[PDB]
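In: First piece of the complex, coordinates kept as in the full assembly:
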Amino acid sequence: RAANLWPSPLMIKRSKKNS
């Protein structure tokens, strides 16, 4: 059950925005 890993790079996108 890696579903949460989908939002993982998604969250990274938001993190990349901050970066």
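Out: The structure has been received and is ready for your questions. Numbering: from 1, shown residues only, chains lettered A, B, ... in the order given.
In: now could you export just the CA positions of stretch A:12-19 as CSV?
Out: Only the C-alpha atoms of stretch A:12-19 are listed here, as CSV (Å, rounded to 0.1, in the frame of the first residue of the first chain):
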residue,chain,number,x,y,z
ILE,A,12,7.9,17.3,-3.0
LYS,A,13,6.4,19.5,-5.7
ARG,A,14,5.1,21.9,-3.1
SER,A,15,8.5,21.6,-1.3
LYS,A,16,10.2,22.3,-4.6
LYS,A,17,8.1,25.4,-4.9
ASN,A,18,9.4,26.5,-1.5
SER,A,19,12.9,25.5,-2.5
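In: for it, the distance to its chain's centre please.
Out: Centroid separation for stretch A:12-19 versus its chain: 8 Å, with Cα atoms, centre = their mean, to the nearest Å.
In: how many neighbours does residue A:7 have?
Out: 11 (other Cβ atoms under 10 Å). From N, CA and C alone the C-beta is placed, and that goes for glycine too.
In: and if you look at residue A:16?
Out: Look at residue A:16: counted by other Cβ under 10 Å, it has 9 neighbours.
In: Also put chain B in, sequence below:
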Amino acid sequence: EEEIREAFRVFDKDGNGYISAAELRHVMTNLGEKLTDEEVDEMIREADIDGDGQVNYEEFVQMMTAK
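Out: Next up, chain B placed on what we already have:
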């Protein structure tokens, strides 16, 4: 929801408007937690509702933004 929309473009490297298993691999592997092909497939298996094996725009939206 902007990051979600743009994410699809970042995930899609071939430029077909679809997140293939091979494409999701590169995405989720660079993320850090590199799982097996089965787990990567599992990801899209639970991220697929239209029954196609891949995650389209609508599926991506509904799976990420679940109410």
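In: With chain B now part of the structure, what is the answer for the neighbour count of residue A:16?
Out: For residue A:16, the neighbour count with other Cβ atoms under 10 Å in any protein chain shown is 13.
In: Helix or strand: which one has it?
Out: Assessed by DSSP states H and E, residue A:16 sits inside helix A:7-18.
In: ditto for residue B:38
Out: helix B:37-45.
In: buried set for the next helix or strand after that helix?
Out: Going down the chain from helix B:37-45, the next helix or strand is helix B:57-64, by DSSP H and E. By neighbour count with 16 or more other Cβ atoms under 10 Å in any protein chain shown, helix B:57-64 contains the buried residues B:59, B:60, B:63, B:64.
In: Okay, the first one and residue B:45: tell me how far apart.
Out: Here the criterion is Cβ to Cβ, to the nearest Å. By it, residue B:59 lies 12 Å from residue B:45.
In: The nearest residue in space to residue B:59 that is not next to it in sequence: neighbouring residues, count only.
Out: Excluding its sequence neighbours, the residue lying closest to residue B:59 (Cβ to Cβ, 6 or more residues apart in numbering or on different chains) is residue B:49, at 5.5 Å. When neighbours are counted by other Cβ under 10 Å, residue B:49 registers 12.
In: Nice, that's everything, thank you.
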